[PDB]
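Worksheet: the structure to be examined is printed underneath.
Just so you know, ligand 1 is whichever comes first in the structure, and atom 1 is the first atom listed for that ligand. Residues take their numbers from the sequence shown, with the count starting at 1.
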Amino acid sequence: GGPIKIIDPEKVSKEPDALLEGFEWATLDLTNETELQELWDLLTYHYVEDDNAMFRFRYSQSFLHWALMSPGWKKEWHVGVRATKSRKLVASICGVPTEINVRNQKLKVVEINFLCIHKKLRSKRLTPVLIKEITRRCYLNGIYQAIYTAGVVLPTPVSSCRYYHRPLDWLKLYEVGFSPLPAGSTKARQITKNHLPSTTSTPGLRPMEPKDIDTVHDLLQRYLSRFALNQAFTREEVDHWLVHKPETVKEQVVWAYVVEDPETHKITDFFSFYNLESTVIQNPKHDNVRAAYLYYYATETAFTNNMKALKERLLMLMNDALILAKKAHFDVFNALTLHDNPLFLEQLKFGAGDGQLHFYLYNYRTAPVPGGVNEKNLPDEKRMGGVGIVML
Ligand SMILES: CCCCCCCCCCCCCC(=O)SCCNC(=O)CCNC(=O)[C@H](O)C(C)(C)COP(=O)(O)OP(=O)(O)OC[C@H]1O[C@@H](n2cnc3c(N)ncnc32)[C@H](O)[C@@H]1OP(=O)(O)O
Ligand SMILES: Cc1ncccc1COc1c(Cl)cc(-c2ccnc(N3CCNCC3)c2)cc1Cl
């Protein structure tokens with residue numbers, strides 16, 4: 001396990017490659033609100049859909065601000081293509097820097113995201129061109145490896161994880177065609193199945209505060225060390241990725257909650273989730289699915305390696321996260337089979353999803369890592385330990 005090739009810094013081109021006639025390269029400045037608007041305009045109509053063209057991801061402008069201007073960010077890695085005459089933004093590809101651990105080798109990488117071509121420009125082989133240009137921009141800045149996820153199979157996947165969905169407002173989900181009504185059942189019976197308590201159960205549960213950063217940083221790092229592939233968080237990354245700033249962010253995107261032990265007052269667990277809507281492409285009575293996605297978490301209980309005790313602790317914590325998300329008006333709680341999630345998905349009534357996320361490394365070779373599923377693509381507790389990075 002190691003890099004595939006060494007990039008010769010002396011030979012990185014200062015000029016980008018040629019584009020389709022009528023189009024030109026443009027760095028995006030997402031500090032300019034009109035440019036953030038442009039990116040949002042493009043993703044809102046042209047980003048990731050299911051196969052039935054029912055749903056499209058609808059990242060908010062707030063989410064994009066948050067996802068793309070994280071610690072160590074560079075505008076140079078926010079790449080646009082525009083039409084030369086009208087100036088219209090027609091494609092994008094983006095990165096932000098982070099460090100990852102790949103089987104206890106630490107690597108400086110770009111996370112690549114928000115690859116997007118306007119529907120009218122599809123099937124013209126612009127993707128490889130986008131990919132080559134961001135690669136060039138990264139090489140110039142001293143970064144030679146990447147990580148990304150996609151829902152399509154490409155060469156040499158590192159892992160593969162299945163999406164799971166816990167209805168919070170079952171009837172909303174049923175009405176937009178997201179959740180089916182099985183079959184021998186009724187609306188009343190699905191609502192009953194999905195009922196949650198009105199209050200949380202874990203003692204000392206409260207929202208995270210800025211004062212919690214150093215302890216959450218420590219516990220998260222220890223927790224994530226238990227996975228072959230994981231994100232190697234810095235303290236700035238804990239602040240950015242976990243601690244909502246209501247002063248400065250009007251439309252909250254991240255929620256995080258800690259458990260302050262009632263006896264010792266040390267934080268013993270935490271969990272977090274983020275706000276990511278999908279647009280309901282063509283439905284009478286609703287227009288959006290308001291999803292919360294489980295993000296990072298950690299529990300002291302993990303380090304006993306009592307798998308029994310770990311499941312019990314995660315059942316309570318995750319049910320609390322469901323309750324908190326319902327309380328914040330989310331329709332669905334979404335999670336993948338990564339981390340230790342196969343311990344709690346099926347019992348907390350998450351339904352298996354159609355979507356799958358495939359994980360890839362650029363210019364780094366490593367053995368595959370388990371992604372929390374077996375050969376039937378069902379959660380498996382003996383197939384965890386592999387993926388400990390959640391990309392947005
Ligand atoms: C050191 C630093 C390096 C940094 C770079 C690391 C690599 C990063 C790589 C990317 C990380 C992205 C992470 C995310 O953001 S994943 C999300 C991607 N976005 C969407 O799904 C939004 C909706 N779709 C679109 O906007 C377009 O359909 C896209 C742009 C996806 C393809 O446009 P189009 O449909 O018009 O295709 P084409 O004719 O231009 O080109 C076809 C070629 O493109 C290859 N392809 C298709 N889909 C993907 C895909 N998701 N990852 C990598 N490659 C992909 C494809 O196999 C074919 O290759 P080949 O037939 O020649 O083999
Ligand atoms: C509810 C919904 N909203 C928008 C699109 C698709 C769906 C249905 O369930 C999913 C979900 Cl939630 C996600 C995906 C998916 C698959 C592969 N890549 C992605 N993206 C690229 C990586 N970031 C997440 C978006 C999404 C695919 C499906 Cl089928």
Ranked by distance from atom 14 (C) of ligand 2, the top protein heavy atom is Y163 CE1, 3.6 Å
Check contact between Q356 and ligand 2, using heavy atoms of the residue and a distance below 4.0 angstrom. yes
> Should the pair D239-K245 be classified as a salt bridge under the 4.0 Å nitrogen-to-oxygen rule?
Replying inline: yes
Review point. Below 3.5 angstrom, do we get any N/O pair linking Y148 and ligand 1?
Key: no
Among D354, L392, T149, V332, the residue with a heavy atom nearest to atom 23 (N) of ligand 2 is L392
- Query: Can an N or O of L121 be found at a distance shorter than 3.5 Å from an N or O of ligand 1?
  - Reply: no
| said: Within a 6.0 Å radius of atom CZ on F57, are there more than 12 heavy atoms belonging to other residues, nucleotides or ligands? | reply: yes
| said: Tell me whether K85 is salt-bridged to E24, with the criterion being a basic N under 4.0 Å from an acidic carboxylate O. | reply: no
Exercise. Would you say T279 contacts ligand 2, with heavy atoms under 4.0 Å as the rule?
Worked result: no
Heavy-atom proximity to atom 25 (C) of ligand 1, picking from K132, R122, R136, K124, points to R122
### Task
Using a cut-off of 6.0 Å, state whether more than 12 heavy atoms not belonging to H46 lie near its atom NE2.
yes
- request: Indicate whether the side chain of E33 and that of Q61 have a donor and an acceptor atom separated by less than 3.5 Å.
  value: yes
